[PDB]
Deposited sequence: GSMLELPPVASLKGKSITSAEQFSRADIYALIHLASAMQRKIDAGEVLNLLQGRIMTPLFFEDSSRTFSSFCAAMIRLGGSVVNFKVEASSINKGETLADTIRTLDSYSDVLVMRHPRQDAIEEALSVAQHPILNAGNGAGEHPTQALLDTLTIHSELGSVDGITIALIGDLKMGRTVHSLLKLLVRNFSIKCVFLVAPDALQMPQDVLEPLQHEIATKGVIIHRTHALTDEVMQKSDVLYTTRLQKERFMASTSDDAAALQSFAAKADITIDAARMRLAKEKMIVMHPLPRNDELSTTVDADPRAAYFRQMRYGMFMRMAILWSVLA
């Protein structure tokens, strides 16, 4: 896509990303279009130099394969650079506080990408940092860029987000990904139906559902709770989005015989047994492609924040 422009999404300039709530529908589509243009240029072999001389520092206080690697790769493919700071090798072992660690990396960097097991640690970091912080996961709170890349996956695979029926399956209580995704979808799209598929003990929290209650009612979004992947959930869902425990909810090839032809199976990953390897060969299995869409969404995000 040599003649394609890469206009940054202006609303994101210089801003930290903490919640799916911060995005408008217009922002999301602008990011989607920007991510697709990124994908076309990169896949054609174009070299981008947009962020030369800019530094991202990862601040991962919990493990990560996709989010860490995707953000590093995205920065590099924009022409930016990464300082490979490791918490386990740092002055935190001599009692340095979180706030002083943030100030330290903020001294050298243009953007910080932070994942932390405490839900309020992001707000603490924002209180002392001069540069933008991107929330890569805050305890069982949110994972806002996962929601963005999930929505890019749905859009790219199915062609439309408005009108879908989506099942959110698994550990909904502790699942930061489904918290952000439900917020992003309900606030900004005309979703037909959401199945919330989980054991009662792991159901979607009231602190996610209640803020959405007014929009759910006014937009007429149907919310249906189940504790199993019933035939109804299988037959009606355009998207099955499943998650790992942080029940009769396993997705395997046998279960997929009930699914419609035009639908996708998604999973933020990593997975355990809830999503069988028997599904991997199915054209409807989108969870590996989902990871690559993440890299391009993170390119669109980084360029928009730092342009």
Deposited residues absent from the coordinates (by C-alpha)
247-267
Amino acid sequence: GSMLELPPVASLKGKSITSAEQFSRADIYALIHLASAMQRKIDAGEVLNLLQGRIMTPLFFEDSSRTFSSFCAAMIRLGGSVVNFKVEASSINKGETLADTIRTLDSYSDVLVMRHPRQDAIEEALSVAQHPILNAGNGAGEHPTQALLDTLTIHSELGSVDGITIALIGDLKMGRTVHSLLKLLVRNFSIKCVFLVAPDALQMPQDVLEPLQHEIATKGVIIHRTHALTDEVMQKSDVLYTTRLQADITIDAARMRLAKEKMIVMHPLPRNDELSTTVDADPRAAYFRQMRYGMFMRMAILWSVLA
From here on, numbers count along this sequence of modelled residues.
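C-alpha atoms forming the largest set that superposes within 1.5 Å between two forms make up the rigid core.
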Core-superposed in 6 other deposited structures of this protein, which stretch deviates more in Cα positions, 232-240 or 168-176?
168-176
Looking at C-alpha RMS in 6 other deposited structures of this protein with the core superposed, is it 63-71 or 47-55 that drifts more?
63-71
Taking the other compared entries of this protein, do a third or more of them lack coordinates for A136?
no
Between us, would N93 come up missing in a third or more of the other compared entries?
yes
Which wins on mean Cα temperature factor, 92-100 or 203-211?
203-211
May I ask you to compare 227-235 and 126-134 by their mean CA B factor in the entry and name the higher one?
227-235
Highest recorded Cα temperature factor - choice among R66, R271, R54, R40:
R40
Sorting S160, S107, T177, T153 by Cα temperature factor from the record, which one lands on top?
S160
Among the modelled residues of its chain, does the C-alpha B-factor of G80 lie in the lowest, middle or highest third?
lowest
Which third, lowest, middle or highest, does the CA B-factor of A253 fall in along this chain?
highest
Rank-wise, by C-alpha B-factor, drop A217 into the lowest, middle or highest third of its chain.
highest
Can you tell me which third, lowest, middle or highest, the CA B-factor of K86 falls into for its chain?
highest
Sorting the chain's CA B-factors, does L6 end up in the lowest, middle or highest third?
highest
